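The first residue in the sequence is number 1, and the count goes up from there. Ligands are counted one by one from 1 in listed order, and the atoms in each one are counted from 1 as well. Every heavy atom of this structure was used, including side-chain atoms; hydrogens, water molecules and symmetry mates were not.
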Amino acid sequence: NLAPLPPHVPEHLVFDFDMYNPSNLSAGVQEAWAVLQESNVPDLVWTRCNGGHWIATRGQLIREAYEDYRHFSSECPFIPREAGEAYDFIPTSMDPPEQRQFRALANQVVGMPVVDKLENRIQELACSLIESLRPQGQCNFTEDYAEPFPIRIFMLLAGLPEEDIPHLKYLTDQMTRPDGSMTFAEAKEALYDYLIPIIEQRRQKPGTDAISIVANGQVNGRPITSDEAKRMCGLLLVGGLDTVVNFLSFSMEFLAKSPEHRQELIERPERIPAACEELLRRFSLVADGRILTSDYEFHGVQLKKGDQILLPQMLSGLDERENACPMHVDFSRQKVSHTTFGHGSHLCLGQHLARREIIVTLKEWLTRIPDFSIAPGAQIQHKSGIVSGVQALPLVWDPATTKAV
Ligand code: 6HE
Ligand SMILES: CC1(C)[C@@H]2CC[C@@]1(C)C(=O)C2
Ligand SMILES: [Cl-]
Ligand SMILES: [K+]
């Protein structure tokens, strides 16, 4: 459905891109979004899809708007409007100054010191999952590794039972790639139905898990409220269940299709961290945005208070104006420019955990299964939304070419 064109929007800026089902999707989701960077498309366009909103199509504008929280507010950060209105996670639904005091608590539970506490378990799980698949000569990568690896690390960190994964993963997916059976508000309320009793249990009887730490936390020296704790835990759950999960599949699909790049990392394993960064650029996958706090002329375009603007994190690094030959993967790329983990005051606090999970996966997969390919006659289908992903990734290999560690 196409929403009526607002009176202030000129026809020449209309480009009806659908972020939940882009027309070029069969080419790959990054490719589908990159249609917005064809030479005839303006830096800033209006789509009538998904209730109507602006889209910044170039890194320069995306960065500028993420920096300018005074004009571009995180209050309503998701499209469609009903989702952005319902979205109340902390700290990502707040602007500075209010936002900042909550970042330290989040950092405590998912940041670098916690990555250190989890290091051995991350390593052990990657190795065990991969060794279990190795002799089979095939896997369904999304279900067999991309999901269980990061999700089990998260459930461990959060002290939540693994048998709760199917329910939580379903709900989280309705917030990022809704199947239409639940509004964002309904999925949010269901997630809160889950979290509220657990938060009170852990305020009564604290453990050492992330939910206990948030629920008993202090925010600039005063106690967090039960409600604030719930809103922070919601963000942590969505980050844990729907980010790295999708990214690993883009990366493994690429490696399955590029024997040369696999060989590069096998021969020169020291390049794996740089490879991770270049894959984070090329297979960037997030697109949220902001709401205008006032009428504002931005790059020659009249924006009105209340207008939503999608600021795709994915697009900055794909912009030829930021990286030459942007669709080409070059592990030796000198300046890897991207906003994959966001930009401005809301830079991802989970990024150290994400990079560890990625780097461990690349190392431990290629150690055991250096030679693999896409299953015979398979056509890999992507999916688009707030976080984009891979529907299924069937891989095959000859077990004789593998190595048990
Ligand atoms: C378990 C926690 C976790 C994990 C695994 C991630 N994130 Fe992070 N994240 C990302 C973006 C673009 C933003 C800013 C959003 C905005 O400005 O509105 C955040 C912010 C955040 C913030 C503020 C938090 C607490 C957060 N994200 C937890 C978080 C992207 C990512 C990506 C691309 C990955 C993985 C590849 C990721 N996150 C893993
Ligand atoms: C946009 C995000 C990737 C970032 C972490 C999870 C996510 C869906 C959010 O709600 C904030
Ligand atoms: Cl934040
Ligand atoms: K909101």
Side-chain angles (χ1 to χ4, degrees), residues 62-63 65-67 69 72-79 81-96 99-100 102-111 114-115 118 122 146 149-151 153-158 172-177 184-185 187-188 191 210 214 231-251 276-277 279-281 283-291 308 310-317 338-358 361 385-389:
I62 291 163
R63 290 166 186 276
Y66 279 126
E67 288 166 18
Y69 57 83
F72 300 103
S73 173
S74 284
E75 184 173 19
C76 182
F78 276 25
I79 280 142
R81 191 173 303 270
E82 52 263 38
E85 288 179 340
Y87 186 103
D88 70 351
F89 296 154
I90 290 178
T92 42
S93 67
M94 294 167 165
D95 300 312
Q99 170 230 200
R100 311 206 166 262
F102 296 100
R103 281 180 61 96
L105 183 57
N107 222 350
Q108 263 196 330
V109 302
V110 298
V114 162
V115 179
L118 294 167
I122 293 172
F149 172 62
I151 297 172
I153 294 304
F154 180 79
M155 300 293 277
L156 173 69
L157 80 84
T172 297
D173 288 0
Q174 303 321 300
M175 299 178 199
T176 56
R177 291 178 306 285
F184 186 104
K188 194 194 64 162
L191 185 67
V214 171
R231 290 159 66 199
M232 182 169 291
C233 290
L235 169 61
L236 298 181
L237 278 265
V238 177
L241 273 50
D242 202 44
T243 58
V244 181
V245 170
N246 298 303
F247 179 76
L248 292 173
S249 290
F250 289 120
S251 292
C276 169
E277 210 66 19
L279 293 168
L280 281 161
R281 184 196 65 80
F283 301 104
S284 193
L285 68 170
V286 180
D288 75 352
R290 301 290 185 255
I291 189 172
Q308 299 188 267
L310 186 73
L311 300 171
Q313 284 88 347
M314 179 200 293
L315 283 184
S316 306
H338 70 77
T339 54
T340 290
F341 288 123
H343 188 73
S345 62
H346 287 277
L347 287 178
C348 178
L349 289 168
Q351 61 179 279
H352 309 303
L353 179 58
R355 287 194 180 86
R356 177 65 61 83
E357 289 176 347
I358 295 158
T361 297
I386 300 281
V387 183
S388 289

| query | Given O of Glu85 on one side and O of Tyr87 on the other, what angle do they make at the K ion (ligand 4), to 10°? | reply |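 Rounded to 10°, it measures 90°.
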[X] side chain to [Y] backbone, donor-acceptor under 3.5 Å:
| X | Y | result |
| --- | --- | --- |
| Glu75 | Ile291 | no |
| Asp95 | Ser74 | yes |
| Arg177 | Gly385 | no |
| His346 | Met94 | yes |

Applying a heavy-atom cut-off of 4.0 Å, say which part of [X] lies close to ligand 1: side chain, backbone, both or neither.
| X | value |
| --- | --- |
| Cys348 | both |
| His346 | both |
| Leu235 | side chain |

Starting from [atom], find the nearest protein heavy-atom neighbour and note its residue, name and distance.
| atom | value |
| --- | --- |
| atom 31 (C) of ligand 1 | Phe341 CD2, 3.8 Å |
| atom 28 (C) of ligand 1 | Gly350 N, 3.9 Å |
| atom 9 (C) of ligand 2 | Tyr87 OH, 3.5 Å |
| atom 8 (C) of ligand 2 | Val238 CG1, 3.7 Å |
| atom 15 (C) of ligand 1 | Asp288 OD2, 3.8 Å |
| atom 5 (C) of ligand 1 | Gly239 O, 3.4 Å |

Can you list the atoms of ligand 1 that are under 4.0 Å from a heavy atom of [X]?
| X | result |
| --- | --- |
| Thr340 | 12 (C), 30 (C), 33 (C) |
| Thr92 | 23 (C) |
| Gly240 | 1 (C) |
| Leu349 | 21 (C), 22 (C), 24 (C), 25 (C) |
| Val244 | 35 (C) |
| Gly342 | 12 (C) |

| field | Contact check: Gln351 vs ligand 1, nitrogen or oxygen atoms, below 3.5 angstrom | value |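 So ligand 1 has no N or O lying under 3.5 Å from an N or O of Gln351.
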| said: Is there a polar contact, in the sense of an N or O pair closer than 3.5 Å, between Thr243 and ligand 1? | reply: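 Such a contact does not occur with ligand 1.
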| request: Just let me know how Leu235 lines up against ligand 2, side chain, backbone, both or neither, with a heavy-atom cut-off below 4.0 Å. | output: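 For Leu235, only side-chain atoms sit under 4.0 Å from ligand 2.
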| field | CA sep, side-chain torsions, deciding dist, call: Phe341, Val286, side chain to side chain contact (heavy atoms under 4.5 Å, CB included) | value | CA-CA 8 Å; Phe341 288 123; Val286 180; over 6 Å; no
| task | Please name the residue in the list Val245, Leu353, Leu241 that meets the side chain to side chain contact (heavy atoms under 4.5 Å, CB included) test with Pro150. | result |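 For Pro150, the side chain to side chain contact (heavy atoms under 4.5 Å, CB included) test succeeds with only one of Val245, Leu353, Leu241, which is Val245.
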| field | Neighbour count >12 (heavy atoms, 6.0 Å) for atom CD, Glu67 | value |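 Correct, the count exceeds 12.
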| message | Looking only at the side chains, is there a donor atom on one of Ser316 and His343 sitting less than 3.5 Å from an acceptor on the other? | response |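 Their side chains do not contain a donor-acceptor pair, so the 3.5 Å distance test is not met.
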| Side chains of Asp242 and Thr172: do they bring a donor and an acceptor to under 3.5 Å? |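 There is no such pair (donor and acceptor under 3.5 Å, judged by atom type) between the side chains of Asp242 and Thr172.
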| query | What atoms in ligand 2 come closer than 4.0 Å to a heavy atom of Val286? | reply |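 Per the distance check, 1 (C), 3 (C).
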| query | Can you name the N, O or S atom of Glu75 that is closest to the K ion (ligand 4)? | reply |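 The nearest such atom is O.
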| message | Going by side-chain hydrogen bond (donor to acceptor under 3.5 Å, both in side chains), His338 matches just one of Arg281, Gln313, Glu277. Which one? | response |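 Only match with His338 under side-chain hydrogen bond (donor to acceptor under 3.5 Å, both in side chains): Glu277.
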| task | Verify the distance test for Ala86 against the K ion (ligand 4): any N/O/S atom under 3.4 Å, yes or no. | result |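 Within the cut-off used here (under 3.4 Å), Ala86 places no N, O or S atom near the K ion (ligand 4).
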| query | When you look at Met155 and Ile151, which way does the side chain to side chain contact (heavy atoms under 4.5 Å, CB included) test go after all the steps? | reply | CA-CA 6 Å; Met155 300 293 277; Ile151 297 172; 3.9 Å; yes
| message | Out of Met232, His343, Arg290, who is nearest to atom 17 (O) of ligand 1 when you count heavy atoms only? | response |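 Closest candidate by heavy-atom distance is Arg290.
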| field | Plane angle bin for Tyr87 and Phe184 - parallel if under 30°, tilted between 30 and 60°, otherwise perpendicular | value |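 If you compare the ring of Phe184 with that of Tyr87, the planes turn out tilted.
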| query | What's the shortest heavy-atom distance between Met175 and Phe78, and which atoms? | reply |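 Heavy-atom minimum between the residues: O-CE2, 3.4 Å.
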| Going from CG on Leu285 to CG on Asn246, what distance comes out if it is rounded to the nearest 0.5 angstrom? |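 It is 6.0 Å, given to the nearest 0.5 Å.
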